[PDB]
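One structure is given here, and the rest of the page talks about it.
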Amino acid sequence: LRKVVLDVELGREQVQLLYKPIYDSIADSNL
Amino acid sequence: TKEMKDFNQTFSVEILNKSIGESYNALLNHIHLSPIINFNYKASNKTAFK
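If you want it as structure tokens, here you go:
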């Protein structure tokens, strides 16, 4: 018979960058 | 190491290529002139100071 999967919501949670409002970014490959 | 290339300001692959080229030219000189020098010359070839 036909095989149908229960389309459930799994997978690990996404992680966001929370530090950004605090730190002052300095971007330079010469450092 | 990647850290040595990335953190060291003066180090680069350019100086490594320079060293490779210098040693290569010296190797060519040695290969093509040491047979002339190291040869055991017979008295027929040799000429005195005179």
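In order, the protein sequences belong to chains G and L. Heads up: the first sequence begins at 69 in the UniProt record's numbering, then just goes up one per residue. Heads up: the second sequence begins at 149 in the UniProt record's numbering, then just goes up one per residue. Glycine included, each C-beta is placed from N, C-alpha and C at the ideal position.
Pull up the distance between the alpha-carbon of G:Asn-98 and that of L:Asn-165, whole angstroms please. 22 Å
List the whole-angstrom C-beta distance separating L:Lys-153 from L:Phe-159, where the pair is believed to meet the contact cut-off of C-beta under 8 Å. In this structure L:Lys-153 touches L:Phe-159 by the C-beta definition: roughly 6 Å separates them, less than 8 Å.
Coil, strand or helix - L:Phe-155 by DSSP: helix
State the DSSP-derived secondary structure class of L:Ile-185, mapped to helix, strand or coil. helix
According to DSSP, is G:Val-76 part of a helix, a strand, or is it coil? coil
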